[PDB]
Amino acid sequence: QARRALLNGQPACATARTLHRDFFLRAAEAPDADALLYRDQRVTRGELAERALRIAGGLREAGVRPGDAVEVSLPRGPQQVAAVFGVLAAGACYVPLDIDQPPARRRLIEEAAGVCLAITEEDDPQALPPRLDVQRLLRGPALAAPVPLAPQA
Amino acid sequence: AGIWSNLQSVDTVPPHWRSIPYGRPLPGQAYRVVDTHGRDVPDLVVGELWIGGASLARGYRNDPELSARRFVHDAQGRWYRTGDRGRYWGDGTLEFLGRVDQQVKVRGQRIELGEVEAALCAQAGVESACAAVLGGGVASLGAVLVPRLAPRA
Amino acid sequence: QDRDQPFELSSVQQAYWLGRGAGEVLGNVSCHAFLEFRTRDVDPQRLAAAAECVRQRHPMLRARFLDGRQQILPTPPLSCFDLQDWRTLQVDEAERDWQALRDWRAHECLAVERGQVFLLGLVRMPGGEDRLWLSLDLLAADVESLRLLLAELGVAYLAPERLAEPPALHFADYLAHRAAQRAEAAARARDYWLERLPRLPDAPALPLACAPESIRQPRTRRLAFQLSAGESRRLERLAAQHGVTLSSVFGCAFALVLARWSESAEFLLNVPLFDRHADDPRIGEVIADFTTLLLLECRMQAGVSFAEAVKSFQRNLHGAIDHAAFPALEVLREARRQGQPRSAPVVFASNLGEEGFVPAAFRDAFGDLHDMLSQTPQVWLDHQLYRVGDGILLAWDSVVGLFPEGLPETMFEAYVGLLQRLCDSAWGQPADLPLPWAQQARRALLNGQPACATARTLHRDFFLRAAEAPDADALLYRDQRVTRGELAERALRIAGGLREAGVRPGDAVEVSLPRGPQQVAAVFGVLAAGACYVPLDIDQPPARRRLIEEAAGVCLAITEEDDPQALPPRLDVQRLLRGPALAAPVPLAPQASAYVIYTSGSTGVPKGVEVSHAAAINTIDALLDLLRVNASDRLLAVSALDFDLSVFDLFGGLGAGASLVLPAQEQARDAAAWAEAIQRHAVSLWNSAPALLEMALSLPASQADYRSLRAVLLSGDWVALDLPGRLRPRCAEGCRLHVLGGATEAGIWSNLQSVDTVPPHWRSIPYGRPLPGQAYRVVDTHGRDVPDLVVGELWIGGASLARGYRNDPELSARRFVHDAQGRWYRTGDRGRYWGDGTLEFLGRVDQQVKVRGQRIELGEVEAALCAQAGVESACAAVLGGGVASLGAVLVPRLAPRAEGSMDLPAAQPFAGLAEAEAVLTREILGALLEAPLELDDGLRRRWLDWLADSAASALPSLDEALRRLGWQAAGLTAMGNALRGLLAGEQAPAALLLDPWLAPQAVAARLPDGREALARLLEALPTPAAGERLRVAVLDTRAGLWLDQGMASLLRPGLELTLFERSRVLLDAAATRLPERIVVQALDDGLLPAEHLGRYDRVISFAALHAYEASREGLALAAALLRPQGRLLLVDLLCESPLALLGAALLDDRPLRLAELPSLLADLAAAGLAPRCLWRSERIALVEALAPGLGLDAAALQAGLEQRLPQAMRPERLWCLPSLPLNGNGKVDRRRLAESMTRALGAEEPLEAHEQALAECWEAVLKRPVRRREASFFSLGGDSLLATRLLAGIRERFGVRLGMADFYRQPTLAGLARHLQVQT
Ligand SMILES: *P(=O)(O)OCC(C)(C)[C@@H](O)C(=O)NCCC(=O)NCCSC(=O)[C@H]1CSC(c2ccccc2O)=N1
Ligand SMILES: [N][C]([C][S])C(=O)O=P([O])([O])O[C][C]1O[C](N2[C]=NC3=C2N=[C]N=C3[N])[C]([O])[C]1[O]
Ligand SMILES: [Mg+2]
């Protein structure tokens, strides 16, 4: 029990904060740095933070709000990463699914998650959750900052 | 438990490892290993890995009853009750020993065989199903069906 | 009710109003809500018009608060709208100005005395942001009424034409209705609450960094957490499933946090509920204060499901709404009127109105609530809730600096953690919170510390150290030293002697030997026999010894005597040393019992703590490996053998081959003997209770040089904060003090706070980290761990626990307990972790008592007495008697000052006097020997020898003896007759000490020119020359007959006299015979009442300073009793009266107590008294000596205790001592102090003009007749409401500006007169 209380007792080694906080800091600190590299093109932290904050503004415009949840269902690539940061920066909890996740199973998850919205390249405001094009959320106005989430959201 | 809960560094494998163990718990989070009655098992004894401390998920998104079955509370705080089996070796390392239950790994991903079986019972015409990950180098997921017969006199 | 005339405050408005009081407990603040809101732009003139429009709509926004009543203005004098247009400024200067404006108007006491209960305002930031904000004093309004003010502002900003109707129901008509309408319900609930006041729980016993009385400027710090839509939905649907109002969910979860953070899970929390019930539906639009305050006595159960806990909280909450018909404030008043300081300074304001807190008409006009602040007075933790968005803003308006830093943060993080644990998981789960993981993670490291020990039999290493180096020093004694080989072969001789006597592995053996090498050889011999040693003091009384022999089930006793026929077979250690040697120690597996150490058998059946070798050697290694103990070290065994510290001295010290300097049994508490032992044998290690090292350090650095002392261990009792500071220059360079924690039930110790010096945040030296291999918990009464900073019971765990109480398994299951965390000794120490993982110990659990209306922190009373000028040390206890009084005790430090230079007037005595007393000694020896059977045979033979030895064979004289003595042959006859009659009654000591012819100091007050000694002692009492009042006292009064013999020299005009003795029956005679101008008071059970400190300009001692257990004892008693510049007047026996020596032989008390003139004057100058010797040569030597500024006086103590303690822990009686008495096991004897005070315990009109003119003020305000001064205002019938009318009454009656906090510390009539006496 002594050994195990040491190994369990290992101190927090963390600063409790909103999960996105640090990326938006790394972006504000070096907007030009390569955040993403993808299919032989690249995205800066500034570009990604803006793309995310535009998605966030599009999500607050689409009725998403702090600790409410948002499905993200995008092919693997920068728009996916921008969307999860944009969900988190809208204050929301992202509910990732593969775009390959099949429709009846996706409906079990969309039903069980109580999900406010889904981000999917498809626009369909009449889906089980309202379903949204990330490319349209990328036309959204940028939020000037991520929404202040307390660390436990 | 959050993205991980242990770290075995591996500069080399000492030959007595039957598997690469779960190492020390990651900082700020913890492991118990318990008897089926919730008390800690002694070192080298196999029991159920309870992950604990600050890294844990808050629960399942809209399943409070399964949350209470997993995210349990004890005189030692809050614990995820994983259903992984394992043992603390005498040096306080945590050998993970696979799972006792219907949950298995396919091409790295987590699958509940109860999910595969239920997705087969969701077939009109299946009375019940079994699923298992199989032997051979393919490591394939297999399943087995009982059809429902639509009786008459 | 006339709509602009003064009308009564609602009860809960009085709670805010009286909380504005600069002298009220955590008062001086508004009870305002500050709200803050954001938008890019708003028209400031629309706002200015809107704010003034809502004032002229609602009476209560324009209500003035004065004289504890409210009165409504047609419009207020002071500005409605604090516009601050900064659209031009630099952004960050505007932000700093906003933060100043924010901190100001969010902490602001609004001018409610000028009707400014409502104030709107607006910074216009140059960043393009109009931050509308709103300071509403809740004297106007409920929070549920504040959202209606927002509704009115939202409309009045956007479309003021739609403000269709100003709500016609005036708040005075609502009160004039409500206060009459409630009447039966209020009485019905008053009867409920009155009968519950003794049974009400406390405020939540949370960790406070500051006393609430010790801050005048309570800034609220808000903590907040927005539960989302989804978390709100999950709580709302789960609240529905479990059948509870959503306020009950949040209130239950809050009360579970406060329970987990309280010392006890039962407390009051003030629930402001929303009594917006009225006949007019427009009450739903009136802005006045519809708060009603519910004193929810929550009692939160542990380990139940949250589903049970929340239904319980709801049932309590709902049922208590009916009892809130008599308002919580009047319950808190009636508690004060019943002598209980109860409060609900923690608050649960569930403003959960389903629309969103900020109403939609306002959410259109400005963004939903950005931030907010309370300033609720007299409330530590104002928890509120708001629907925000469609989510729920949790808010905790904690107070800045009141809680520890990071505590409202962590406690609130646990509350949010709980509420998400309620969202995402079913309420069938335990209502017990987790410890917030960071706290538990640290404590898992502290408890996780590896064994750092090898499991082995406790004696093992000593027998190795002997086989390695047999000629090395093991023990150093009175003169001689025993080597390891000698000690090992002596131990193994005793071991074989014990095997032969039938003792065998783990069977228990008493070791009652005087401290010395044979005692050590006996414990190592018992342990080498494989047996378990049961050490006892040889001076322990026989009845207690039989209980311990019985209770240990003791196989055998080693006792320096053979009696194989006793309760156990009892053996002489010298015969056991004549026994055969064992070849080797009998093999024990380490888990076997090593010793059983016994507490005092005054506790009923003696608790004997059986410790295994594994446990003992674990603690020992865990300390040897920290002390780096080595073969050159030399410990001092000041620890008695029945005090478990000796186990480290023995099996630790000699396990490392470090030799023991042993005090002998006559040196068992002697600091001078220890000091020489350190200075002589170059002692490198020390180990004791702090009261022993305090006693060692009480000797000067020149008299007692400890600079050999490489490291110091202190244990078992509170270590004073100055003590490391006193110790650093005394011990070796690199002082290495360690203070060590925990009871014998955890082996010798369980903690180590290393001390270089005290960091200034300590209030006692804490328990440190647990020692290696063992562990601590602090637990709630339910056995769950309490959080950091939270006081609970200390539990000790792991590889050092005692096996149990030796033959009480039933108590062992109560005091040792078992969890998923392993096995724990449940100590009954209070204490708390700190954030850094240090473990503050806070006294035994009985060192708190729920005395008659409050929990007393007796450790805090001791800490506050130690802060007095000139105090060495203090104790506090709670007593017997019909009051069950608080009691406390002091000691002065005496300012040692080397004034002792002298000459002795030797010219008056001659040898024919000592011959006269030798003759009279022979005659009265011979006179008792006319009936020689009144003695025992030992005294008979002594007396028959002294009939020649104390007589003409040494100091012969003729009948001239009689004329030297002053008593003639009539007196010789009267002595012989009295002595035979008294001893045919056998009435020594008691009647011998009552007798004029025979009492030892009284015969010394005649025979040795004793009346002439007494005369020249009493002479120069200056009052019949000076014509001025003089206070005299006597230390050694006994029967008063020796004083009566001097009394013609004592009855001086202006002389006041007080008479003292450490005995009751003798003072009854003194009090019988001496006139009513002379006072008599016992030092009952050794204890001086504090009313006498610093009071006496003169103090008398007669032929009895040796009758104290030190010179330093009776001297320190004298010095404390003396007024500064006052004179001790002493005759000391540099030789006894030969008849007082018969007297002492009939007490059978040793003549070795007596001391020389330099020996007296050295200790007396160390007691600070500056001396002259004066008289009677080498016999009955007169000394007088002058007192320094010791500062102790009951007046000065009252002023210091008024400066440092609340009225609920006044030292209800107060006493003093020359030093605190000591346990056999080293501690300050808090039981003897408690019993002694319990023995020493044993209305009238106003008579000052200020008391009488105050009685007129109390009688005017309270109506009831103020005939008695001794009453306290609240106990008589006062309230904080009535304290305003009393202050204003004093401001009419006398004109003085009353400090209301000082009046709350001074609630009795003369205590109130204090501020009038000083014309404040
Ligand atoms: P006195 O006549 O009061 O008699 C003596 C006693 C001992 C009773 C006196 O010293 C005392 O304790 N007075 C009562 C103090 C008290 O109870 N204070 C708290 C009243 S509570 C209240 O309803 C607050 C808390 S929640 C709410 C609020 C919400 C939003 C924004 C601000 C505030 O304050 N109001
Ligand atoms: N010696 C001892 C043990 S160490 C004994 O014996 O006694 P007791 O009672 O049991 O114990 C003591 C008491 O107190 C406490 N402590 C310890 N340590 C200390 C203390 N206090 C204070 N400080 C310190 N350090 C214990 O636990 C008990 O209660
Ligand atoms: Mg004890």
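Chains as they are written, first to last, in our numbering: chain S, 1 to 153; chain C, 154 to 306; chain W, 307 to 1626. Built from N, CA and C at the ideal position, the CB exists for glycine as well.
Mark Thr394 of chain W as exposed unless 16 or more other C-beta atoms lie within 10 angstroms of its C-beta, in which case mark it buried.
Taking a 10 Å sphere around the C-beta of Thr394 of chain W, we find fewer than 16 other C-beta atoms and assign the residue as exposed.
For chain S, check one thing: does any of its Cβ atoms lie closer than 8 Å to the Cβ of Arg192 of chain C?
no
Just to confirm, is the Cβ distance from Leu679 of chain W to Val664 of chain W under 8 Å?
no
Contact with chain S by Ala207 of chain C, beta-carbon distance below 8 Å:
yes
Whose CA, out of W:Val1371, W:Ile1384, W:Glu1490, lies closest to the CA of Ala1425 of chain W?
W:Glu1490
Below 9 Å on C-beta distance, what does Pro217 of chain C contact in chain S?
For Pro217 of chain C, there are no neighbours in chain S by C-beta distance under 9 Å, as the nearest C-beta there is about 12 Å away.
So with CB distances below 9 Å, who are the chain W contacts of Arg65 of chain S?
For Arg65 of chain S, the C-beta contacts it makes with chain W under 9 Å involve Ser534, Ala535, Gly695, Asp696, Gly697, in order along the chain.
Could you give the uninterrupted runs of the beta strand (DSSP E) lying entirely in the segment 692-776 of chain W, keeping only those of 3 residues or more?
697-705
Can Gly325 of chain W be considered in contact with ligand 1, in the sense that its beta carbon sits closer than 7 Å to one or more heavy atoms?
yes
Partners in chain S for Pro180 of chain C, counting only beta-carbon separations shorter than 9 Å:
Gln10, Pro11, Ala12, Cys13, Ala14
By how many angstroms is the C-alpha of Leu1560 of chain W removed from the C-alpha of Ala1589 of chain W?
Those two C-alpha atoms are separated by around 13 Å.
To the nearest angstrom, report how far apart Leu562 of chain W and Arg1161 of chain W are at their CA atoms.
22 Å
Taking the CB atoms as reference points, tell me whether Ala828 of chain W and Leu819 of chain W lie closer together than 8 Å.
yes
Between which two residues does the beta strand (DSSP E) carrying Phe387 of chain W extend?
Taken as a continuous stretch (DSSP letters only), the beta strand (DSSP E) holding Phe387 of chain W covers 387-391.
Chain C contact for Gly91 of chain S (CB, 8 Å cutoff):
no
What do you reckon, is the C-beta of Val1045 of chain W under 7 Å from a heavy atom of ligand 2?
yes
Beta-carbon proximity of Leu947 of chain W to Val967 of chain W, cut-off 8 Å
Cβ distance not < 8 Å, so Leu947 of chain W and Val967 of chain W don't count as in contact.
Below 7 Å, is the gap between the Cβ of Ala1049 of chain W and the nearest heavy atom of ligand 3?
yes
Where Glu1223 of chain W and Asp1390 of chain W are concerned, what is the direct C-alpha to C-alpha distance, given to the nearest angstrom?
Inter-residue distance for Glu1223 of chain W and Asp1390 of chain W is about 34 Å (C-alpha atoms, whole angstroms).
Would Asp1086 of chain W count as contacting chain C if we go by Cβ distances under 8 Å?
no
Quick check on the burial criterion: 16 or more other C-beta atoms within 10 angstroms. Buried or exposed for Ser162 of chain C?
exposed
Limits of the unbroken alpha helix (DSSP H) element including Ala1594 of chain W:
1586-1599
Taking the beta carbon of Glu774 of chain W as the centre, do at least 16 other beta carbons fall within 10 Å, making it buried, or is it exposed?
Under this definition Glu774 of chain W is an exposed residue.
Go ahead and label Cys13 of chain S buried or exposed: buried means 16 or more other beta carbons lie within 10 angstroms of its beta carbon, across all protein chains shown.
exposed
Closest by C-alpha distance to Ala835 of chain W, when choosing among W:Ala857, W:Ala849, W:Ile854, W:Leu862
W:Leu862
Keeping to the same chain, check which residues put their C-beta closer than 8 Å to that of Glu660 of chain W; ignore five residues upstream and five downstream.
If we look at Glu660 of chain W and ignore the five residues flanking it on each side, its Cβ neighbours are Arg693.
By the DSSP assignment, the alpha helix (DSSP H) with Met1543 of chain W in it spans what residues?
1536-1546
9 Å Cβ cut-off: residues of chain W touching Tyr213 of chain C:
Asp730, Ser731
Using beta carbons (cut-off 8 Å, strictly below), is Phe672 of chain W in contact with chain S?
Under the Cβ distance rule, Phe672 of chain W does not count among the residues neighbouring chain S, no pair being separated by less than 8 Å.
Assign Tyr38 of chain S to buried or exposed, taking buried as 16 or more other Cβ atoms, counted over all protein chains shown, within 10 Å of its Cβ.
exposed
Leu1445 of chain W versus W:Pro507, W:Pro1314, W:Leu575, residue with shortest Cα-Cα distance
W:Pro1314 is the residue among W:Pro507, W:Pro1314, W:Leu575 whose C-alpha sits nearest the C-alpha of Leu1445 of chain W.
Below 8 Å, how does it come out for the segment 1203-1219 of chain W and the segment 1543-1562 of chain W: are there three or more Cβ pairs, yes or no?
no
List the DSSP bridge partners of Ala1491 of chain W.
According to DSSP, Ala1491 of chain W bridges with W:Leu1434, W:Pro1477.
Can you give me the start and stop residues for the beta strand (DSSP E) that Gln684 of chain W sits inside?
Neither: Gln684 of chain W is in no beta strand (DSSP E) and is coded neither H nor E.
For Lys617 of chain W, write down the residues that DSSP places opposite it in a beta bridge.
For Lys617 of chain W, which the question treats as bridged, DSSP gives no partner whatsoever.
Which residues share a DSSP beta bridge with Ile1102 of chain W?
W:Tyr1082, W:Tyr1131
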